[PDB]
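Have a look at input.csv; it's CSV, N, CA and C atoms:
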```csv
chain,number,residue,atom,x,y,z
A,1,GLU,N,-10.2,171.5,285.9
A,1,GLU,CA,-11.5,170.9,286.2
A,1,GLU,C,-11.9,171.0,287.7
A,2,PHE,N,-10.9,171.1,288.6
A,2,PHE,CA,-11.1,171.5,290.0
A,2,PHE,C,-11.8,172.9,290.1
A,3,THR,N,-11.5,173.8,289.1
A,3,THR,CA,-12.2,175.1,289.1
A,3,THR,C,-13.6,175.0,288.5
A,4,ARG,N,-13.9,174.1,287.5
A,4,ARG,CA,-15.1,174.1,286.8
A,4,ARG,C,-16.3,173.4,287.5
A,5,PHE,N,-16.0,172.3,288.3
A,5,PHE,CA,-17.1,171.6,289.0
A,5,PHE,C,-17.5,172.2,290.3
A,6,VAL,N,-16.6,172.4,291.2
A,6,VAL,CA,-16.8,173.2,292.5
A,6,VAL,C,-15.5,173.9,292.8
A,7,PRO,N,-15.4,175.2,292.6
A,7,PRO,CA,-14.1,175.9,292.7
A,7,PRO,C,-13.7,176.2,294.2
A,8,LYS,N,-14.5,175.8,295.2
A,8,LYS,CA,-14.3,176.2,296.6
A,8,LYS,C,-13.0,175.6,297.2
A,9,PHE,N,-12.5,174.5,296.7
A,9,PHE,CA,-11.4,173.7,297.3
A,9,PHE,C,-10.1,174.5,297.0
A,10,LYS,N,-9.2,174.5,298.0
A,10,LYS,CA,-7.8,175.1,297.9
A,10,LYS,C,-6.9,174.2,297.2
A,11,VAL,N,-6.7,174.4,295.9
A,11,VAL,CA,-5.8,173.6,295.0
A,11,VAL,C,-4.4,174.2,294.8
A,12,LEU,N,-3.4,173.4,294.9
A,12,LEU,CA,-2.0,173.7,294.6
A,12,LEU,C,-1.5,173.0,293.3
A,13,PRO,N,-1.0,173.7,292.3
A,13,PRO,CA,-0.2,173.1,291.3
A,13,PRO,C,1.2,172.7,291.8
A,14,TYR,N,1.8,171.7,291.2
A,14,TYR,CA,3.2,171.4,291.5
A,14,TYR,C,3.9,170.9,290.3
A,15,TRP,N,4.4,171.8,289.4
A,15,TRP,CA,5.0,171.5,288.1
A,15,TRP,C,6.0,172.7,287.8
A,16,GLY,N,6.9,172.4,286.9
A,16,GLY,CA,7.9,173.4,286.4
A,16,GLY,C,9.1,173.5,287.3
A,17,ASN,N,9.8,174.6,287.2
A,17,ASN,CA,11.2,174.8,287.7
A,17,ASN,C,11.4,174.5,289.2
A,18,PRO,N,12.6,174.1,289.7
A,18,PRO,CA,12.9,173.9,291.1
A,18,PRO,C,12.5,175.1,291.9
A,19,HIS,N,12.8,176.4,291.5
A,19,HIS,CA,12.4,177.6,292.2
A,19,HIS,C,10.9,177.7,292.4
A,20,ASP,N,10.1,177.5,291.3
A,20,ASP,CA,8.7,177.6,291.3
A,20,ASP,C,8.1,176.5,292.2
A,21,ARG,N,8.5,175.3,292.1
A,21,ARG,CA,8.0,174.2,293.0
A,21,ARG,C,8.5,174.4,294.5
A,22,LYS,N,9.7,174.9,294.7
A,22,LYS,CA,10.1,175.3,296.1
A,22,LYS,C,9.2,176.4,296.7
A,23,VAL,N,8.9,177.4,295.9
A,23,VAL,CA,7.9,178.5,296.4
A,23,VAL,C,6.6,177.8,296.9
A,24,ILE,N,6.1,176.9,296.2
A,24,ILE,CA,4.8,176.2,296.6
A,24,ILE,C,5.1,175.2,297.7
A,25,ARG,N,6.2,174.5,297.7
A,25,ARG,CA,6.5,173.5,298.7
A,25,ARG,C,6.5,174.1,300.2
A,26,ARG,N,6.9,175.3,300.3
A,26,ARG,CA,6.9,176.0,301.6
A,26,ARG,C,5.6,176.5,302.1
A,27,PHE,N,4.5,176.4,301.3
A,27,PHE,CA,3.2,176.7,301.8
A,27,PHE,C,2.7,175.7,302.8
A,28,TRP,N,2.9,174.4,302.6
A,28,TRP,CA,2.6,173.3,303.6
A,28,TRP,C,3.6,173.2,304.8
A,29,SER,N,4.1,174.4,305.3
A,29,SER,CA,4.9,174.6,306.5
A,29,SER,C,4.0,174.6,307.7
A,30,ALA,N,-6.5,171.3,307.0
A,30,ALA,CA,-5.5,172.3,306.5
A,30,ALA,C,-5.8,173.0,305.2
A,31,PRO,N,-5.4,174.2,304.9
A,31,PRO,CA,-5.7,175.0,303.7
A,31,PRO,C,-5.0,174.5,302.4
A,32,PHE,N,-4.8,173.2,302.2
A,32,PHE,CA,-4.1,172.6,301.1
A,32,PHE,C,-4.9,171.4,300.5
A,33,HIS,N,-6.1,171.7,300.2
A,33,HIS,CA,-7.1,170.7,299.9
A,33,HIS,C,-6.7,169.7,298.9
A,34,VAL,N,-6.0,170.1,297.8
A,34,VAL,CA,-5.3,169.1,297.0
A,34,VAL,C,-4.0,169.7,296.4
A,35,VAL,N,-3.0,168.8,296.2
A,35,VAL,CA,-1.8,169.1,295.3
A,35,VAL,C,-1.9,168.3,294.0
A,36,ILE,N,-1.6,169.0,292.9
A,36,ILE,CA,-1.7,168.3,291.6
A,36,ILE,C,-0.2,168.0,291.1
A,37,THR,N,0.1,166.7,290.9
A,37,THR,CA,1.5,166.3,290.8
A,37,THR,C,1.8,165.2,289.7
A,38,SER,N,3.0,165.0,289.4
A,38,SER,CA,3.4,163.9,288.4
A,38,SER,C,4.6,163.0,288.9
A,39,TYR,N,4.6,161.8,288.5
A,39,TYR,CA,5.4,160.7,289.1
A,39,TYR,C,6.9,161.0,289.2
A,40,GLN,N,7.5,161.6,288.1
A,40,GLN,CA,8.9,162.0,288.2
A,40,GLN,C,9.2,163.0,289.3
A,41,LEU,N,8.3,164.0,289.6
A,41,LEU,CA,8.5,164.8,290.8
A,41,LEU,C,8.3,164.0,292.1
B,1,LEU,N,11.0,199.5,326.2
B,1,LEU,CA,12.1,199.2,325.4
B,1,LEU,C,11.8,198.1,324.3
B,2,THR,N,10.8,197.3,324.5
B,2,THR,CA,10.5,196.2,323.6
B,2,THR,C,9.7,196.6,322.4
B,3,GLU,N,9.1,197.8,322.3
B,3,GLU,CA,8.2,198.2,321.2
B,3,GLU,C,9.0,198.3,319.9
B,4,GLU,N,10.2,198.7,319.9
B,4,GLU,CA,11.1,198.8,318.7
B,4,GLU,C,11.5,197.5,318.2
B,5,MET,N,11.4,196.4,319.0
B,5,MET,CA,11.6,195.0,318.6
B,5,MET,C,10.2,194.4,318.1
B,6,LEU,N,9.1,194.8,318.7
B,6,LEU,CA,7.8,194.4,318.4
B,6,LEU,C,7.3,194.9,317.0
B,7,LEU,N,7.6,196.2,316.7
B,7,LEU,CA,7.2,196.8,315.4
B,7,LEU,C,8.0,196.1,314.2
B,8,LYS,N,9.2,195.6,314.5
B,8,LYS,CA,10.0,194.8,313.5
B,8,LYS,C,9.4,193.4,313.4
B,9,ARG,N,8.9,192.8,314.5
B,9,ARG,CA,8.2,191.5,314.5
B,9,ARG,C,6.9,191.5,313.6
B,10,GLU,N,6.0,192.5,313.9
B,10,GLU,CA,4.8,192.6,313.1
B,10,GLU,C,5.0,192.9,311.6
B,11,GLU,N,5.9,193.8,311.2
B,11,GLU,CA,6.1,194.1,309.8
B,11,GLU,C,6.7,192.9,309.1
B,12,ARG,N,7.6,192.1,309.7
B,12,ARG,CA,8.2,190.9,309.0
B,12,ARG,C,7.1,189.8,309.1
B,13,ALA,N,6.3,189.7,310.1
B,13,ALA,CA,5.2,188.7,310.1
B,13,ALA,C,4.2,188.8,309.0
B,14,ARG,N,3.9,190.0,308.6
B,14,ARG,CA,3.1,190.3,307.3
B,14,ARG,C,3.9,190.1,306.1
B,15,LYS,N,5.1,190.7,306.0
B,15,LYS,CA,6.0,190.6,304.8
B,15,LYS,C,6.3,189.1,304.4
B,16,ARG,N,6.5,188.2,305.3
B,16,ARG,CA,6.7,186.8,305.2
B,16,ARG,C,5.6,186.2,304.3
B,17,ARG,N,4.4,186.2,304.8
B,17,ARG,CA,3.2,185.6,304.2
B,17,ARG,C,2.8,186.4,302.9
B,18,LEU,N,2.9,187.7,302.9
B,18,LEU,CA,2.6,188.6,301.8
B,18,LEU,C,3.4,188.2,300.5
B,19,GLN,N,4.7,188.1,300.6
B,19,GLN,CA,5.5,187.8,299.4
B,19,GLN,C,5.2,186.4,298.9
B,20,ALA,N,5.1,185.4,299.8
B,20,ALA,CA,4.7,184.0,299.4
B,20,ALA,C,3.3,183.9,298.7
B,21,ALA,N,2.3,184.5,299.3
B,21,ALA,CA,1.0,184.6,298.7
B,21,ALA,C,0.9,185.4,297.4
B,22,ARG,N,1.6,186.5,297.4
B,22,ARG,CA,1.7,187.3,296.1
B,22,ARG,C,2.4,186.5,295.0
B,23,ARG,N,3.4,185.7,295.3
B,23,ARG,CA,4.0,184.8,294.3
B,23,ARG,C,3.0,183.6,294.0
B,24,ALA,N,2.3,183.1,294.9
B,24,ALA,CA,1.2,182.1,294.6
B,24,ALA,C,0.2,182.7,293.6
B,25,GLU,N,-0.3,183.9,293.8
B,25,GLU,CA,-1.3,184.5,293.0
B,25,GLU,C,-0.8,184.8,291.6
B,26,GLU,N,0.5,185.2,291.4
B,26,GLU,CA,1.2,185.3,290.1
B,26,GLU,C,1.5,183.9,289.4
B,27,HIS,N,1.7,182.9,290.2
B,27,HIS,CA,2.1,181.6,289.7
B,27,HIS,C,0.9,180.8,288.9
B,28,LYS,N,-0.2,180.7,289.6
B,28,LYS,CA,-1.2,179.6,289.3
B,28,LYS,C,-1.9,179.7,287.9
B,29,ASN,N,-1.9,180.9,287.3
B,29,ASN,CA,-2.7,181.1,286.0
B,29,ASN,C,-2.3,180.2,284.9
```

Show the structure stored in the file as structure tokens.
Amino acid sequence: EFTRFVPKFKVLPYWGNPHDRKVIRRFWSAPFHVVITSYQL
Amino acid sequence: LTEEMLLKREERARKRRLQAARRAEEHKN
């Protein structure tokens, strides 16, 4: 829905494997307009 | 003498961001 309404914003997913979330975690080392997350993480 | 150290600096400076961004573009779909 971030893509459908106004796609301009820099959106980060944050789900799945430790390796995949680690790859994204290092991006926020601003161009991170939202991160999409869940409470267990 | 520093140029051989500088060419190593610029190629790794692009390779760093390149691989991370390439993985980002493969990931998000």

Exercise for the section: Find the residue from B:22, B:9, B:15, B:28 that sits nearest to chain A; use only C-alpha atoms when measuring. Expected result: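 Distance minimum relative to chain A lands on B:28.
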
Exercise for the section: Could you list the residues in chain A lying within 8 Å of chain B, using only N, CA and C atoms, and format the result as a PyMOL selection string? Expected result: chain A and resi 12-13+20+23-24+27

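Computed from the coordinates, the atom CA of residue A:38 to atom N of residue A:16 distance equals 9.3 Å.
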
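Taking atom N of residue A:34 and atom N of residue A:11 as endpoints, the distance between them is 4.8 Å.
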
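Excluding residue A:33 itself and same-chain residues fewer than 3 positions from it, the residues having an atom within 6 Å of it are residues 9, 10, 11 and 30 of chain A, counting all atoms listed in the file.
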
Practice task
Using atom CA of residue A:41 and atom CA of residue A:15 as the two end points, give the distance in Å to one decimal.
Solution key: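 About the pair atom CA of residue A:41 and atom CA of residue A:15: they are 8.0 Å apart.
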
Practice task
From a DSSP calculation on the backbone, collect every residue of chain A in strand (DSSP E) and output the set as a list in words.
Solution key: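 Of chain A, the ones in strand (DSSP E) are residues 11, 12, 13, 34, 35 and 36 of chain A.
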
Practice task
Give the helix (DSSP H, G or I) residues of chain A, as assigned by DSSP on the backbone, as a list in words.
Solution key: residues 2, 3, 4, 5, 18, 19, 20, 21, 22, 23, 24, 25, 26, 27 and 28 of chain A
